[PDB]
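> The following block contains the structure, expressed as structure tokens.
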Amino acid sequence: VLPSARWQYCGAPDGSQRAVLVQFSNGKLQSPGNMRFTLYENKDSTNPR
Amino acid sequence: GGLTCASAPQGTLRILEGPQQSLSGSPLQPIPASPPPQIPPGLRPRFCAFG
């Protein structure tokens, strides 16, 4: 194989440091129209569950 | 943190374990055939006719 790439695991392990990937149960998007995306998380970060 | 919609991805990498096949592909090792029944050595006429 001629194409290749050098791996580099960048980014520290953290919650919102993860990129987010989105699906939709009603179809494909095909047009992002002014969709305000907002990601919420729990206040307690000390218990692992 | 506006979380805009990014572009479509180019492709897909998929990582999975590969099996090792240095063992298999060898010559087969079957169960050895049981021998056919051979006559025992040292068989003699034990019965002699009376008189």
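As you go down the protein sequences, you meet chains A and B in turn.
Here the numbering used here is used: the first residue of the first sequence is 35, the next is one more, and so on.
Here the numbering used here is used: the first residue of the second sequence is 24, the next is one more, and so on.
Positions of the beta carbon are idealized from the N, C-alpha and C atoms, including for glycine.
1. Does B:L46 come within less than 7 Å of chain A when only Cβ atoms are used?
2. Should B:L26 be flagged as near chain A, meaning a C-beta pair shorter than 7 Å?
3. Short check: CB of B:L26 to CB of A:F71, under 7 Å?
4. So, does the region 38-50 of chain B touch the region 60-70 of chain B, judging by three or more C-beta pairs under 8 Å?
5. Taking 7 Å as the threshold (C-beta atoms), are A:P66 and B:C28 in contact?
6. Taking the straight line between their C-alpha atoms, what separation do you get for A:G49 and B:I54?
7. To the nearest angstrom, how far is the alpha carbon of A:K77 from that of A:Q64?
8. Quick check: the Cα distance between B:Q52 and A:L36, rounded to an integer number of angstroms?
9. Give me the Cα-Cα distance between A:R52 and B:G24, rounded to the nearest whole angstrom.
On the basis of the supplied data:
1. By this cut-off, B:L46 is not an interface position.
2. Yes, B:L26 lies at the interface with chain A (some Cβ there is under 7 Å from its Cβ).
3. B:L26 places its beta carbon less than 7 Å from that of A:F71.
4. No, the region 38-50 of chain B is not in contact with the region 60-70 of chain B.
5. Less than 7 Å separates the beta-carbon of B:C28 from that of A:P66.
6. In this model, A:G49 and B:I54 are separated by some 57 Å (Cα to Cα).
7. Within the model, the alpha-carbon separation for A:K77 versus A:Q64 is close to 34 Å.
8. Rounded to whole angstroms, B:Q52 to A:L36 spans 40 Å at the Cα level.
9. Approximately 13 Å, taken between the alpha carbons.
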